[PDB]
**Q** 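The structure's right below; bear with me while I get my questions together.
In the text below, chain A, chain B and the rest are named by the order of the sequence lines, each starting its count at 1.
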Amino acid sequence: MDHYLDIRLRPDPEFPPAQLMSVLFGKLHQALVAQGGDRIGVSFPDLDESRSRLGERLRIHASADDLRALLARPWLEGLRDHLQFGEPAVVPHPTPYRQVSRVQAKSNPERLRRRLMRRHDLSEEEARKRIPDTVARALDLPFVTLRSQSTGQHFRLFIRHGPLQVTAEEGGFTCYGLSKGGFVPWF
RNA sequence: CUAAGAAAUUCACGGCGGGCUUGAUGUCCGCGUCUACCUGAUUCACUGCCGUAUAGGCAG
């Protein structure tokens with residue numbers, strides 16, 4: 001956790017950086033699924049909260065063995081033309097800590113209507129009256145649009161950075177690099 | 001401080017009966033429309049699960 005690897009987005013004359021970010025995030029998700037482990041933290045060094053911008057720089061946080069296992073994986077092939085890869089340097093000691101969390105939303109009422117059909121055996125009009133169409137959740141959070149190998153539907157994954165703390169305790173990490181209770185340093 | 005200031009047009013009404021517009025007609029010769037383009041920007045806010053929950057989380 002003491003080390004970090006920094007990825008900068010090369011500007012692209014054919015693609016805006018958002019879909020490049022989505023592609024690389026899917027590649028690192030596949031790399032972490034293949035590699036395993038629960039000590040991989042993500043960071044957005046230039047996250048703009050004014051317009052919910054993802055940013056043009058990426059920071060991944062891991063240990064030395066985890067970082068060399070990640071860079072040894074051949075997922076990096078086919079993406080070197082658009083990114084920078086620095087060195088697994090030690091993170092600065094006086095750094096505030098913040099958490100990253102995947103915030104999902106119930107933006108589609110018909111999914112929950114189908115769910116309550118499978119839970120309470122209600123009819124179509126019962127679910128229509130019980131759940132209006134205005135219950136959609138709109139999030140002013142940065143997001144990435146990806147499709148999964150298990151389910152081919154394209155899903156949107158919101159990423160939100162927590163408040164700055166002064167210390168961090170041990171926690172877990174998901175397959176996306178998002179923390180289920182962990183923290184990443186800010187610098 | 002205005003060619004300032006003021007004001008009831010209104011009651012009633014049968015327009016109609018009749019009619020052959022028809023004869024004839026050459027539109028027409030000629031014609032280089034070209035050249036050059038990322039539709040796509042996160043544009044699939046989607047599928048399922050824990051929960052009575054629309055309250056609120058979780059899975060790829």
Side-chain angles (χ1 to χ4, degrees), chain A residues 7-38 40-50 52 54-60 70 73 75 78-79 81-83 99-105 107-117 119-121 123-125 127 131-136 138-146 148 150-163 171-183:
Chain A
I7 302 179
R8 281 82 65 193
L9 302 176
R10 275 178 161 303
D12 208 320
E14 293 83 3
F15 319 110
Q19 58 190 359
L20 273 170
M21 193 62 85
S22 70
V23 165
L24 63 90
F25 186 71
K27 294 299 186 287
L28 62 84
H29 180 275
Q30 219 73 58
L32 184 53
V33 162
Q35 174 66 41
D38 271 355
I40 313 297
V42 299
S43 293
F44 287 162
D46 50 355
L47 178 84
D48 186 24
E49 70 271 13
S50 75
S52 293
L54 291 157
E56 65 170 344
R57 190 170 62 244
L58 182 64
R59 206 162 285 157
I60 188 77
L70 289 174
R73 192 74 62 194
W75 67 272
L79 197 60
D81 297 293
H82 323 268
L83 321 178
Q99 70 275 17
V100 292
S101 54
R102 167 192 180 181
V103 174
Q104 318 187 24
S107 181
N108 202 0
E110 65 96 22
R111 300 173 330 150
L112 190 57
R113 293 160 185 176
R114 293 179 181 176
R115 172 145 177 80
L116 64 91
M117 183 177 177
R119 296 294 86 193
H120 319 89
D121 294 328
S123 70
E124 281 57 44
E125 65 271 15
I131 298 191
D133 309 337
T134 184
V135 303
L139 293 173
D140 43 5
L141 316 176
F143 51 87
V144 285
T145 311
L146 294 174
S148 168
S150 296
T151 58
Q153 294 84 62
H154 287 61
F155 65 94
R156 193 191 302 300
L157 187 143
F158 292 94
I159 307 166
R160 189 53 250 185
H161 281 75
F173 280 113
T174 65
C175 300
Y176 293 93
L178 277 296
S179 62
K180 60 184 64 174
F183 293 96

**Q** Indicate whether OP1 or OP2 belonging to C50(B) is found under 4.0 Å from a side-chain N or O atom of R115(A).
**A**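 Checking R115(A) against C50(B): at least one side-chain N or O falls below 4.0 Å of OP1 or OP2.
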
**Q** Between the base of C58(B) and the side chain of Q104(A), is there a donor and acceptor pair under 3.5 angstrom?
**A**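 By the distance-only test, yes, there is a pair.
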
**Q** Ignoring backbone atoms, establish whether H154(A) has a side-chain N or O less than 4.0 Å from OP1 or OP2 of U42(B).
**A**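 For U42(B), neither OP1 nor OP2 has a side-chain N or O of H154(A) closer than 4.0 Å.
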
**Q** Mind checking whether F158(A) and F143(A) have parallel, tilted or perpendicular rings, split at 30° and 60°?
**A**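 Correct class here is perpendicular.
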
**Q** Taking side chain as C-beta onward, heavy atoms only, is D46(A) less than 4.5 Å from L9(A)?
**A**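 Counting from C-beta outward, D46(A) and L9(A) never come under 4.5 Å.
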
**Q** Could you check whether the six-membered base rings of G19(B) and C20(B), which sit next to each other in the strand, have centres less than 5.5 Å apart and planes tilted by under 30 degrees?
**A**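 By the ring-centre and plane-angle rule, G19(B) does not stack on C20(B).
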
**Q** Could you check how far CE of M117(A) sits from P of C49(B), rounded to whole Å?
**A**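 These atoms are roughly 12 Å apart.
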
**Q** Please determine whether a side-chain nitrogen or oxygen atom of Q19(A) lies at a distance below 4.0 Å from atom OP1 or OP2 of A41(B).
**A**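 For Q19(A), the contact criterion (side-chain N or O under 4.0 Å from OP1 or OP2 of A41(B)) is met.
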
**Q** How should the glycosidic conformation of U54(B) be described, syn or anti, under the criterion that syn lies within 90° of 0?
**A**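 Anti conformation here, the glycosidic angle of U54(B) being more than 90° from 0.
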
**Q** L47(A) versus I159(A): any side-chain heavy-atom pair under 4.5 Å?
**A**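 A side-chain contact is absent here, since even the closest heavy-atom pair is not under 4.5 Å.
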
**Q** Using the six-membered base ring of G60(B), report whether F155(A) stacks on it, requiring centroids under 5.5 Å and planes under 30° apart.
**A**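 Stacked: ring centres under 5.5 Å, planes under 30°.
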
**Q** Compare all side-chain heavy atoms of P163(A) with those of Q99(A) and state whether any distance is below 4.5 angstrom.
**A**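 Side-chain contact under 4.5 Å: yes.
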
**Q** Distance between the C1' atoms of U33(B) and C29(B), in whole angstroms?
**A**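 These two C1' atoms come out 22 Å apart once rounded.
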
